[PDB]
Amino acid sequence: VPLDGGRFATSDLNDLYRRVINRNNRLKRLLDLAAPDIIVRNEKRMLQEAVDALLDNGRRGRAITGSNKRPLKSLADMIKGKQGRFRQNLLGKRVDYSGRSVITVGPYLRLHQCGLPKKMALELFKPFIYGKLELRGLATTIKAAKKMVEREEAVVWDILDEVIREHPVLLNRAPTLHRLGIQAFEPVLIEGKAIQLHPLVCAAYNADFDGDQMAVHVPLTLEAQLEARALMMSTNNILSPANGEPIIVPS
Amino acid sequence: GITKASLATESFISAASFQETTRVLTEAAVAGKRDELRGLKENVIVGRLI
Amino acid sequence: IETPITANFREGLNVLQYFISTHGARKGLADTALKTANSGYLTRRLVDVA
Amino acid sequence: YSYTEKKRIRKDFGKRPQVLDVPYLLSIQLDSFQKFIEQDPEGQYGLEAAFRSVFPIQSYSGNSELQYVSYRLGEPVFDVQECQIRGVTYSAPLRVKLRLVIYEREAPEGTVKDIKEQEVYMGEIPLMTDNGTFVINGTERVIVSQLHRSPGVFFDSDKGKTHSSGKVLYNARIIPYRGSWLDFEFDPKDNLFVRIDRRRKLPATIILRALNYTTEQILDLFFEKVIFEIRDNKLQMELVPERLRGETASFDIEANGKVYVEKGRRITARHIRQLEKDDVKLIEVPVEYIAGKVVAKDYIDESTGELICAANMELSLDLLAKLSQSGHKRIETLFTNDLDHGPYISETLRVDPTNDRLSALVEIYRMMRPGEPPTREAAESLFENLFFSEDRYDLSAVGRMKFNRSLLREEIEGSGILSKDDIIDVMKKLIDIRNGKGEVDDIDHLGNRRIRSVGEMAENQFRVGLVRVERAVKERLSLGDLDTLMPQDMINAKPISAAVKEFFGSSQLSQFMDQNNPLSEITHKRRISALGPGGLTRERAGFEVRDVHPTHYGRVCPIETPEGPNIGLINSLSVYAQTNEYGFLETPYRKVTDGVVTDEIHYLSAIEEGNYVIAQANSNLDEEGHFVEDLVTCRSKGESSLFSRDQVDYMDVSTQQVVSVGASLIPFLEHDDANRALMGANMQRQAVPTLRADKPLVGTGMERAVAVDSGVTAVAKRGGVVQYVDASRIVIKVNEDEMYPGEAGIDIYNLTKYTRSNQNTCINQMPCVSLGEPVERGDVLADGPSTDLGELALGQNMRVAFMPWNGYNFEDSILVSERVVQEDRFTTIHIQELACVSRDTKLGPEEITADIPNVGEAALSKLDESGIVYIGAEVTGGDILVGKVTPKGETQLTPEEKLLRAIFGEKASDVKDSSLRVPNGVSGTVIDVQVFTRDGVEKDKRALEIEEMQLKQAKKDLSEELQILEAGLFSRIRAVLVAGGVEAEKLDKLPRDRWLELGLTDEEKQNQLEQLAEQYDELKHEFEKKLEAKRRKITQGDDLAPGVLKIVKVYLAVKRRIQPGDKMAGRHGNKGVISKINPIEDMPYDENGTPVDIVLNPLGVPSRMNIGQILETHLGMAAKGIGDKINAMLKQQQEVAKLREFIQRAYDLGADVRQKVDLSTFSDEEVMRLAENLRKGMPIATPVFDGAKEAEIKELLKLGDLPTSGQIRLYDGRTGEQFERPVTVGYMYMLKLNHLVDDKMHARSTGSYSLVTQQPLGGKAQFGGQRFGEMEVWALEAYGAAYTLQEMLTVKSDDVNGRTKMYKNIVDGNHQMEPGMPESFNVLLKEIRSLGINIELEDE
Amino acid sequence: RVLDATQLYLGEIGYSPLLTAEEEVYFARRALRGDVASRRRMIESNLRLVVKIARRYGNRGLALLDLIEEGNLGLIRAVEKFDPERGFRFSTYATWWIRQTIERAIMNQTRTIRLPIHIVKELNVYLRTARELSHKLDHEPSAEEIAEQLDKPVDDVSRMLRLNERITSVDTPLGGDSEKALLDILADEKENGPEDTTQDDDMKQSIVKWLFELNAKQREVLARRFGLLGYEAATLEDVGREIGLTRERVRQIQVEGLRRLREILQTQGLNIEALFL
RNA sequence: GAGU
DNA sequence: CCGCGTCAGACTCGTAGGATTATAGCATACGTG
DNA sequence: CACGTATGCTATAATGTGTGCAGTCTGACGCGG
Ligand SMILES: [Mg+2]
Ligand SMILES: [Mg+2]
């Protein structure tokens, strides 16, 4: 692919394949020319080397390196290990409708609630806002709805307030060691950029407010929303699944 | 042991995704093994329903 | 160490007491950063087999 | 005290007279790089060293050769300032004089054939700034010193390698600075082996055979002798009493006529001493005893001439009888013992498959070049080129020195190539260690770890560039013509320039200077890293090296190192520590002679320190006599205990020398746990400078030093009176006594105004002098970004109360008063940089016009004709900063757009829209704009306007220069003319332009006039050329990247006020996030009515054991109490006398206050300015371990009429009722850290997706989604939330069809899931098939 | 066992005997006359020359073995085009072929995006010229400085230097830390987000609704001609041929339908005007 | 570099 | 048994872009506007 | 015919690589001699 600045950027595989093709096509030439057998041999070894590099580089011997010194990334490296397909892109994924911020206390909150910054919530619920805008007849089209939310009009705040009622959101803190590291709450919209977390579930998150941050996720479907409110809501999940003990305890 | 028990499951997608993936795949490719996708791992990889 | 720290924090440690404290402190802190990998790896293997 | 100290004196609670002042803090950086460029004539250093190392070089043929003469750095074409603006590297061109000499092949070495000598350019080398940074591509960057294992010898042993046996296997390693490693090691069978570069293992004696040692000689080297004389018929043995020790007497040991030991009897001490005293030398012994003694030398039958026994061969009854009858009645056998003198080499010769020297060379050759046919040539060449070639091997002076001292030699310096003795001696010491005498070293000991600063590293990379070019040179010399070929035609600059640019750029050690704070810069430049090239890896690092080592005392801080994976490896330098000339660390100590503690100071290296017993600084001195107390607390051999007074050799200079610079800034460090203090010192570096530079009430004293030494403050070069103060500059006229007789003698300092830092903070210099003030040399004229009157001002002190409050300070959460925000004291400036690039594409050039399709007039209002926003303009997210348009190619317009464009006509123009706009939800004021056009592209109208400014402003700057220089220069001539022909006002009457024609009598003062006259014209012509240069540079059309026609840089300035989510902390590792900003009405308030500023949770004290914060608060309140008393007195205006009485008593409070500060020297007005400053709160210095004691602090509180508890009655602002018990209240000095919630908040519904995997990108700058990782997935599995999981795997990530369908469903209300297959899975299969594994889906 | 490809090959070449002049001449006479052995013996005996030369040309083009094979190809051309009758030695002649072939190979394969020889050689002279310029100008050379030296267009120089822009690996990780690389940042720009895709659905569907507002005749004419509800953008003759002969009448009804759409827009255009972004 |  | 090899080694967040070298000179040949 | 891209040939003799780094990590579990 071309970078903006007229540079090109390519996969290492292309370099590896260029080696193989060149060596194989040279072999065909050497055979057409009926070359002496020692040269035929060297080329056959050459071919095997390049193929081995293509499939799994640093397996048989010295991995074939770039100008950077670093061994080129072969096919097997894309399947193999943490950088590999499975671990990195398949068993765990990047996710839309996800946000993050600093967390701070919400002593006023009840157990099933969390402070959700307005700005953040406006973006997370974008399509829900556009859909409701079209039912209000406020937005003629999607382009108009978009421009209406950019301008952040006062009717949009009323609509946003409407949508987020009864809609659970998931809060997560890293590392997610047990299931209670992800819990669902009813969001309470707040002006100001930090998430407010309820004190009593700080236990389960191991959250202390020395600058800790948390991630927010929007359950989209009726099914996911139900899963969140029923299975994952903080009020519903009190006891440690490990020992039969209440994990929400005053501290 | 835990490591070998996971590698011993009939599901080769679960096995390969766990560890040892070059070896797991040569084993399965030679055996002509088929995974009918009973486990959660396997379903999550293909983005299906647990 | 053969010599213990006779002082307390309200009293305030001298150079030598403070220096002597450092070793243990830092050993602990390093353990947090580095050993959590091995603990977590245990978590991962258990998870995979169950 | 100095003039600046008269303005505000800090109160010192220290008691220990400071014998040694803190050095220049940025010594390391500067001294090092100074040595790198310093051209040393003999003792090659840096550059000079690199040239001599490589040069002179000759061709492959040997007839033509290049020799080095001398180098010179050109002065930098662009100064630092311009470099930062343009984005260029500040460097000097390296021109080197070189001489191409050719030899005749017909004559033996006909040097008078062809000699061509000329100057060749080869790379620009970056220069170091005044403060130890480099300017690389317009950004300040610091290369951090490295810490590695010193070249030399090192003996080690894995304590029970094979855990089964658990036998200790000792090894030697010789580590050179450049070359192969040479390892000696024992195996379980006690045989000595050798390996090169950990290749395969070889018998150790094989290496000695390579050095041409026969077997006989090898035994003679390592072993002793046991002599056997064969007399008459009985066998006699030559005896050394102290060999037969710890052994069992095998036969009946007797001498002349006295039987000592019997058969099977233990030979103790008594026996040995008996025998020695009796003078026993020969002893009759049994012949059968010989069987098993190893013969040392060869013996041949002189008759036959054949070998009776070869060397190193076990003797027997037959061999011995045969030897006797041939005529040998004396036989050298080896002395050997299982316990003391172990027979290692004897056994190793039996395992040695080689025979002679040549055979040994072949085996060596065959190890490292296996399979390949050996030739004698090749074997000889290889072995010599390993450790015996000048070119490829070099221990360096450090290596040889360390090696010689480890071998207990006398001579320090010597050859960097291994001599035969060297090798043998390492083997011998290894063997000594095996026998039991000697010990193995440790790597973590600072005697074995060496510090490698910038200069030496630059030197190394520069050698490499030379070596690359050397290859090219040799190859081209060989083929080259002798006559036509010039030397500079063979040399290429590119390899060298590349290697150096790569170092100051690609290297780990070279990084963006951390400049969000003066302290941050200073400590960063004082950092040491064990990482990087030739160092340890985060993954390769154990815990041994990481933890705090005994040798670190006084050299490295134990309390300053990151809590990350970089925990052990990155470390800050201790205060008084310094780099030894060879590269080891060293610390000052005061020598104690006869108990008497001299003021002579000695820097001790790590190794030297172990030898002496060193008293602690806390010992009480007997007023320059000796130690008061008979028992003194000291340390040696890395361990601490009591000693007598006369036993003491040295003593610690300062109480601070144990700690680093950062840690020293922590007051009451003595009362804080080291863990917390680590975090405290680390977090102090992250303090963001506020709008208003507030000094810290409760300081330490290091504040002044840091600020001044960092160089961020403007300091005065020469004392004198200030001629012109200004926001933008300071002109000071120098005192006659310091003022040189040449120039006018007026110093001019232009101050650097509102400039962008690397962390997007705001760097502005303020003047801290009044107009017409007399100022002393080395006073602070202008404060840097986080400095106040010369002191370091990182944060701001404020009124704190420790108490819970409605959970709003739950777990370190912080409740702050609105008052703090209103007063804008924590408010901060951030200057961000936005650039708009106009590139030339395949379709045609992008243009920077304001003519863009579909833009509102509201938008174009703030843009000028050119399409650039005006200076001053306030912007908010979405506003266009620089308008830019791009040529669009053909696009197949959907039939809908065909229909619609037919309906409206409005055919869409050829041009798109790539305009640079304000990033969303950032908002500020455009404070500067800069335009870069290429050399030939027609300039923007706006670019011309900017150039107009620059030209006219440049002219003013230079004109003011010659104006104030001409004024100060004639003012001198006026005074010289008075000394002789005084006509003061009569000379000023007729014009000053006709003045220098007037002379004096022929004296020294007439010559002074000639000197001022010559300089005045010099300045006249100089001013012409300077301005021409200025004009060129302004006109100069910039060389940008290929493809880029022109670039516009906009600088926004944003004012950020604190809010909930921001991060705040003290210096004791006490963090917190702001939870809530409370109205002032609600804040807890004291009886007097004064409300608290912050309410911190006291639950974060006992557990944490950071008690420094509590003492800081108490002392803080006392500091303020005195401030309020002075303030009350100033409001009433009692009089000078009364103020002075109170203030003297106050300064001189403490039990053993070191500093006396007599107010009788101060004149009345000096007292007034001082009190004026002290009214805010009297500033106090608590040194590190030498701090203020509880008693002293409570006495200060009584002077404030404040309680001894330091707790006060507080009232709840909401109710008006008092809290149940007294609350601890005072001033803690707090900081706002760089972690603004503004930068951390992020949210995303839908956006761009990744290229191959199709899942959303990561990071807030790329508008990324969060990763829901394996850990996060497991959570949902546990819960059983199946659809939420699937949702995140599919519609929210890869599933392309699914995401779009889901979006449309969501807009239509119906929250239906329409899932498919993740594209990343598809890709997996394809990847597997490209591997050549058939992986197919069998469908239903 | 030495399994080094290189070492094995070098050993095998070593065990073939070096030739004298008379031998080369005899062999080569028969080689031109076709003696399979002769050609083979000359090749195999002179492999060692090839390795000496490939040793030099390596450096930064390519792997030593890759250079050796291309070099061998040059040597084969030399054995085919050798003249025994000319007194000039073989090694001298072969050297030319070997160097030629290696250099040409490292000019087409050395670059990921294959640069033609012409471009490459142009560019090289710009480079060597830049080096002389930098040798006297201390500082590196500008595009226009090099262009002034060659007396040529700056655009020429610039375009050449743009081609010399060497590739970046997508897999190379950024920030020293082996974490996320270029691929990890790099979006798919072609693939629009569900927001853009859903906006087009909304657009296209609003046009259906607007088309139904019009007359059945106008709407059908517009649909068929625009290729909107039809398949192919039927020309005037196609639409007329299927409905009303008069090709001219298709234009009449079409233009009429466009103007009725404009009326709907002046009335209810309050939604349409916002589609201008 | 941030919280574990 | 020994010794050499291969395999594993927590989770989210951040920052910043980026590097190098060099391939002669000319004559003939093939494909598209 | 021209422009862009390609193939081609050259004659003093020259005839076996190396090059630039790697820094050593660890506790475990199998696999040829
Ligand atoms: Mg906590
Ligand atoms: Mg925390």
# chains A, B, ... in the order shown; residues from 1 in each chain; ligands from 1
$ interface_residues --of "chain G" --to "chain B" --cutoff "10 Å" --atoms "only C-alpha atoms (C1' of nucleotides)" --output "list in words"
residues 6, 7 and 8 of chain G
$ closest_atom_pairs --of "chain A" --to "ligand 1" --cutoff "7 Å" --atoms "only C-alpha atoms and all ligand atoms" --output "tab-separated table"
residue	atom	partner	partner_atom_place_in_ligand_line	distance
A:208	CA	ligand 1	1 (Mg)	4.2
A:209	CA	ligand 1	1 (Mg)	6.7
A:210	CA	ligand 1	1 (Mg)	6.6
$ closest_residue --among "D:1109, D:205, D:787, D:171" --to "chain C" --atoms "only C-alpha atoms"
D:1109
$ interface_residues --of "chain G" --to "chain D" --cutoff "10 Å" --atoms "only C-alpha atoms (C1' of nucleotides)" --output "PyMOL selection string"
chain G and resi 9-16+18-21
$ residues_near_ligand --ligand "ligand 2" --cutoff "9 Å" --atoms "only C-alpha atoms (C1' of nucleotides) and all ligand atoms" --output "PyMOL selection string"
(chain A and resi 206-213) or (chain D and resi 811) or (chain F and resi 3-4)
$ write_last_selection --atoms "N, CA, C and O atoms (P, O5', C5', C4', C3', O3' and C1' of nucleotides)" --output "PDB file, in the first residue's frame"
ATOM      1  N   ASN A 206     -10.776  -4.398  41.905  1.00  0.00           N
ATOM      2  CA  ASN A 206      -9.535  -3.990  42.521  1.00  0.00           C
ATOM      3  C   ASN A 206      -9.228  -2.547  42.146  1.00  0.00           C
ATOM      4  O   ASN A 206      -8.074  -2.167  41.940  1.00  0.00           O
ATOM      5  N   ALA A 207     -10.269  -1.738  42.043  1.00  0.00           N
ATOM      6  CA  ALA A 207     -10.088  -0.375  41.604  1.00  0.00           C
ATOM      7  C   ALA A 207      -9.835   0.549  42.768  1.00  0.00           C
ATOM      8  O   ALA A 207     -10.617   0.588  43.686  1.00  0.00           O
ATOM      9  N   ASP A 208      -8.708   1.269  42.707  1.00  0.00           N
ATOM     10  CA  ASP A 208      -8.417   2.387  43.580  1.00  0.00           C
ATOM     11  C   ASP A 208      -8.193   3.587  42.692  1.00  0.00           C
ATOM     12  O   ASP A 208      -7.575   3.476  41.661  1.00  0.00           O
ATOM     13  N   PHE A 209      -8.684   4.731  43.103  1.00  0.00           N
ATOM     14  CA  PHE A 209      -8.631   5.931  42.267  1.00  0.00           C
ATOM     15  C   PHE A 209      -7.341   6.738  42.361  1.00  0.00           C
ATOM     16  O   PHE A 209      -7.360   7.955  42.575  1.00  0.00           O
ATOM     17  N   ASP A 210      -6.216   6.068  42.187  1.00  0.00           N
ATOM     18  CA  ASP A 210      -4.941   6.789  42.050  1.00  0.00           C
ATOM     19  C   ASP A 210      -4.625   7.106  40.581  1.00  0.00           C
ATOM     20  O   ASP A 210      -3.472   7.166  40.171  1.00  0.00           O
ATOM     21  N   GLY A 211      -5.662   7.278  39.772  1.00  0.00           N
ATOM     22  CA  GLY A 211      -5.476   7.462  38.328  1.00  0.00           C
ATOM     23  C   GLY A 211      -5.905   6.283  37.475  1.00  0.00           C
ATOM     24  O   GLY A 211      -5.611   6.238  36.285  1.00  0.00           O
ATOM     25  N   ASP A 212      -6.594   5.326  38.097  1.00  0.00           N
ATOM     26  CA  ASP A 212      -7.025   4.120  37.401  1.00  0.00           C
ATOM     27  C   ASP A 212      -7.916   4.508  36.260  1.00  0.00           C
ATOM     28  O   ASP A 212      -8.561   5.524  36.351  1.00  0.00           O
ATOM     29  N   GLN A 213      -7.967   3.704  35.204  1.00  0.00           N
ATOM     30  CA  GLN A 213      -8.890   3.953  34.096  1.00  0.00           C
ATOM     31  C   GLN A 213      -9.837   2.762  33.887  1.00  0.00           C
ATOM     32  O   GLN A 213      -9.487   1.639  34.244  1.00  0.00           O
TER      33      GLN A 213
ATOM     34  N   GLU D 811     -10.559   6.293  47.686  1.00  0.00           N
ATOM     35  CA  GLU D 811      -9.304   5.602  47.705  1.00  0.00           C
ATOM     36  C   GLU D 811      -8.348   6.520  47.035  1.00  0.00           C
ATOM     37  O   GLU D 811      -8.142   6.464  45.823  1.00  0.00           O
TER      38      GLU D 811
ATOM     39  P     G F   3      -0.029   5.138  37.979  1.00  0.00           P
ATOM     40  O5'   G F   3      -1.245   4.109  37.939  1.00  0.00           O
ATOM     41  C5'   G F   3      -1.803   3.656  39.174  1.00  0.00           C
ATOM     42  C4'   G F   3      -2.788   2.559  38.920  1.00  0.00           C
ATOM     43  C3'   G F   3      -2.392   1.164  39.403  1.00  0.00           C
ATOM     44  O3'   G F   3      -2.467   0.881  40.812  1.00  0.00           O
ATOM     45  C1'   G F   3      -3.174   1.029  37.189  1.00  0.00           C
ATOM     46  P     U F   4       0.223  -0.399  41.287  1.00  0.00           P
ATOM     47  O5'   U F   4      -0.562  -1.762  41.035  1.00  0.00           O
ATOM     48  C5'   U F   4      -1.806  -2.068  41.704  1.00  0.00           C
ATOM     49  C4'   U F   4      -2.761  -2.739  40.738  1.00  0.00           C
ATOM     50  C3'   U F   4      -2.707  -4.266  40.701  1.00  0.00           C
ATOM     51  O3'   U F   4      -3.498  -4.942  41.680  1.00  0.00           O
ATOM     52  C1'   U F   4      -2.621  -3.415  38.494  1.00  0.00           C
TER      53        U F   4
END
$ select_by_dssp --residues "stretch 412-533 of chain D" --states "alpha helix (DSSP H)" --output "PyMOL selection string"
chain D and resi 420-435+454-479+487-490+493-506+518-525
$ interface_residues --of "chain H" --to "chain D" --cutoff "10 Å" --atoms "only C-alpha atoms (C1' of nucleotides)" --output "PDB file with N, CA, C and O atoms (P, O5', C5', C4', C3', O3' and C1' of nucleotides), in the first residue's frame"
ATOM      1  P    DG H  16      40.264 -18.512  -5.946  1.00  0.00           P
ATOM      2  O5'  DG H  16      38.735 -18.744  -5.561  1.00  0.00           O
ATOM      3  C5'  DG H  16      38.228 -20.061  -5.275  1.00  0.00           C
ATOM      4  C4'  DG H  16      37.359 -20.035  -4.044  1.00  0.00           C
ATOM      5  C3'  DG H  16      38.000 -19.366  -2.829  1.00  0.00           C
ATOM      6  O3'  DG H  16      37.047 -18.654  -2.037  1.00  0.00           O
ATOM      7  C1'  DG H  16      37.558 -21.628  -2.332  1.00  0.00           C
ATOM      8  P    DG H  18      33.712 -13.099   1.797  1.00  0.00           P
ATOM      9  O5'  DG H  18      33.325 -13.169   3.339  1.00  0.00           O
ATOM     10  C5'  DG H  18      32.210 -13.955   3.770  1.00  0.00           C
ATOM     11  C4'  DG H  18      32.290 -14.192   5.260  1.00  0.00           C
ATOM     12  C3'  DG H  18      32.751 -12.995   6.085  1.00  0.00           C
ATOM     13  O3'  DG H  18      32.064 -12.938   7.336  1.00  0.00           O
ATOM     14  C1'  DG H  18      34.297 -14.774   6.366  1.00  0.00           C
ATOM     15  P    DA H  22      24.561  -7.561  18.429  1.00  0.00           P
ATOM     16  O5'  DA H  22      23.529  -8.756  18.205  1.00  0.00           O
ATOM     17  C5'  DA H  22      23.893  -9.942  17.471  1.00  0.00           C
ATOM     18  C4'  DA H  22      23.785 -11.174  18.337  1.00  0.00           C
ATOM     19  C3'  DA H  22      23.918 -10.911  19.836  1.00  0.00           C
ATOM     20  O3'  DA H  22      22.629 -10.776  20.446  1.00  0.00           O
ATOM     21  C1'  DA H  22      25.565 -12.481  19.158  1.00  0.00           C
ATOM     22  P    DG H  23      22.224  -9.413  21.206  1.00  0.00           P
ATOM     23  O5'  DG H  23      23.587  -8.970  21.901  1.00  0.00           O
ATOM     24  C5'  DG H  23      23.719  -8.952  23.324  1.00  0.00           C
ATOM     25  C4'  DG H  23      23.630 -10.364  23.850  1.00  0.00           C
ATOM     26  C3'  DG H  23      24.361 -10.603  25.167  1.00  0.00           C
ATOM     27  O3'  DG H  23      23.392 -10.450  26.204  1.00  0.00           O
ATOM     28  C1'  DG H  23      25.159 -12.124  23.527  1.00  0.00           C
ATOM     29  P    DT H  24      22.236 -11.543  26.412  1.00  0.00           P
ATOM     30  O5'  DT H  24      22.799 -12.378  27.646  1.00  0.00           O
ATOM     31  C5'  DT H  24      24.047 -13.107  27.597  1.00  0.00           C
ATOM     32  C4'  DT H  24      23.851 -14.382  26.810  1.00  0.00           C
ATOM     33  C3'  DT H  24      23.259 -15.525  27.624  1.00  0.00           C
ATOM     34  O3'  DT H  24      22.268 -16.173  26.809  1.00  0.00           O
ATOM     35  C1'  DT H  24      25.390 -16.153  26.819  1.00  0.00           C
ATOM     36  P    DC H  25      20.753 -16.343  27.339  1.00  0.00           P
ATOM     37  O5'  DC H  25      20.500 -15.069  28.263  1.00  0.00           O
ATOM     38  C5'  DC H  25      21.121 -14.931  29.550  1.00  0.00           C
ATOM     39  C4'  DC H  25      20.150 -15.287  30.649  1.00  0.00           C
ATOM     40  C3'  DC H  25      20.269 -16.744  31.086  1.00  0.00           C
ATOM     41  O3'  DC H  25      20.118 -16.903  32.489  1.00  0.00           O
ATOM     42  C1'  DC H  25      18.083 -16.342  30.280  1.00  0.00           C
ATOM     43  P    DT H  26      19.906 -18.358  33.077  1.00  0.00           P
ATOM     44  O5'  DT H  26      18.342 -18.568  32.904  1.00  0.00           O
ATOM     45  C5'  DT H  26      17.394 -17.975  33.803  1.00  0.00           C
ATOM     46  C4'  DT H  26      16.309 -18.978  34.117  1.00  0.00           C
ATOM     47  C3'  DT H  26      16.801 -20.409  34.349  1.00  0.00           C
ATOM     48  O3'  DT H  26      15.982 -21.066  35.319  1.00  0.00           O
ATOM     49  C1'  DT H  26      15.368 -20.374  32.472  1.00  0.00           C
TER      50       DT H  26
END
$ residues_around --residues "residue C:11" --least-positions-apart "4" --cutoff "10 Å" --atoms "only C-alpha atoms (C1' of nucleotides)" --output "PyMOL selection string"
(chain C and resi 6-7) or (chain D and resi 670-671+1189-1190)
$ write_last_selection --atoms "N, CA and C atoms" --output "PDB file, in the first residue's frame"
ATOM      1  N   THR C   6      16.648  -0.068  64.475  1.00  0.00           N
ATOM      2  CA  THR C   6      16.132   0.229  65.807  1.00  0.00           C
ATOM      3  C   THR C   6      15.106   1.373  65.762  1.00  0.00           C
ATOM      4  N   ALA C   7      15.222   2.211  64.743  1.00  0.00           N
ATOM      5  CA  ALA C   7      14.333   3.352  64.620  1.00  0.00           C
ATOM      6  C   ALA C   7      12.962   2.996  64.046  1.00  0.00           C
TER       7      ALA C   7
ATOM      8  N   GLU D 670      13.442  10.935  55.311  1.00  0.00           N
ATOM      9  CA  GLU D 670      13.770  10.116  56.465  1.00  0.00           C
ATOM     10  C   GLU D 670      12.530   9.489  57.097  1.00  0.00           C
ATOM     11  N   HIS D 671      11.378  10.107  56.915  1.00  0.00           N
ATOM     12  CA  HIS D 671      10.182   9.566  57.549  1.00  0.00           C
ATOM     13  C   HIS D 671       9.286   8.796  56.556  1.00  0.00           C
ATOM     14  N   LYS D1189      13.706  18.613  63.221  1.00  0.00           N
ATOM     15  CA  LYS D1189      13.257  17.574  64.131  1.00  0.00           C
ATOM     16  C   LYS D1189      11.907  17.975  64.631  1.00  0.00           C
ATOM     17  N   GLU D1190      11.162  17.042  65.199  1.00  0.00           N
ATOM     18  CA  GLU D1190       9.802  17.328  65.680  1.00  0.00           C
ATOM     19  C   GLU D1190       9.809  18.495  66.658  1.00  0.00           C
TER      20      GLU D1190
END
$ closest_residue --among "D:683, D:621, D:28, D:1159" --to "chain F" --atoms "only C-alpha atoms (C1' of nucleotides)"
D:683
$ interface_residues --of "chain E" --to "chain H" --cutoff "10 Å" --atoms "only C-alpha atoms (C1' of nucleotides)" --output "MDAnalysis selection string"
chainID E and resid 6:7 9:15 17:19 45:53 55 64:65 82:83 86:97 100 116:118
$ residues_around --residues "residue A:197" --least-positions-apart "5" --cutoff "6 Å" --atoms "only C-alpha atoms (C1' of nucleotides)" --output "list in words"
residues 105, 106 and 114 of chain A
$ interface_residues --of "chain C" --to "chain B" --cutoff "12 Å" --atoms "only C-alpha atoms" --output "ChimeraX atom specification"
/C:41-50
$ atom_distance --atom1 "atom CA of residue D:341" --atom2 "atom CA of residue D:239"
15.7 Å
$ residues_around --residues "stretch 111-117 of chain D" --least-positions-apart "4" --cutoff "12 Å" --atoms "only C-alpha atoms (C1' of nucleotides)" --output "JSON, numbers by chain"
{"D": [62, 63, 64, 65, 66, 67, 68, 69, 70, 96, 97, 98, 99, 100, 101, 102, 103, 104, 105, 106, 107, 481, 482, 483, 484, 485, 486, 487, 488]}
$ residues_around --residues "stretch 170-187 of chain E" --least-positions-apart "5" --cutoff "7 Å" --atoms "only C-alpha atoms (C1' of nucleotides)" --output "list in words"
residues 9, 10, 11 and 12 of chain A; 1248, 1249, 1250, 1251, 1257, 1258 and 1262 of chain D; 16 of chain G
$ interface_residues --of "chain D" --to "chain B" --cutoff "10 Å" --atoms "only C-alpha atoms" --output "NGL selection string"
:D and (1273-1274 or 1277 or 1280-1291 or 1293-1295 or 1315-1322 or 1328 or 1333-1338)
